[PDB]
């Protein structure tokens, strides 16, 4: 179901209706320290100049990093949400795929930090995103 971590019986929004399902994000691997995801480039991921949208690299990074955090902390009664995302853009992507790899670099009680690499089909580093993920007690 994008292969997102299956941690609850019900979710407020179905995959195919989320921004994630609309653009086509799919999680490949997930462990507590490292996760990967990818997306096919289609026009839905593009801006009007024909390049993948800045927003798309950020969105990918945000979903991957946050859900990799959810995968661990949800069963502990915690919620996780993106608190900061800093994406820098080194080379455009015009077509093909964008592949993300999220590497956990700090896991604190209140904040987890992941470095996310975004690569094209040739494996070139096209963008990076520093995701900071707030972890808080789940509200009833």
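Numbering follows the first chain given and starts at 1.
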property: Residue stretch of maximal mean CA temperature factor, 57 to 65 vs 100 to 108; result: 100 to 108
property: Residue, from 118, 14, 131, 19, that the PDB entry assigns the highest Cα B-factor; result: 14
property: For residue 91, the third of its chain into which the C-alpha B factor falls; result: middle
property: Position of residue 41 among the chain's modelled residues by C-alpha B-factor, lowest, middle or highest third; result: middle
property: Position of residue 122 among the chain's modelled residues by C-alpha B-factor, lowest, middle or highest third; result: highest
property: Cα B factor band for residue 73 (lowest, middle or highest third within the chain); result: highest
property: Residue 52 by Cα B-factor - lowest, middle or highest third of the modelled chain; result: lowest
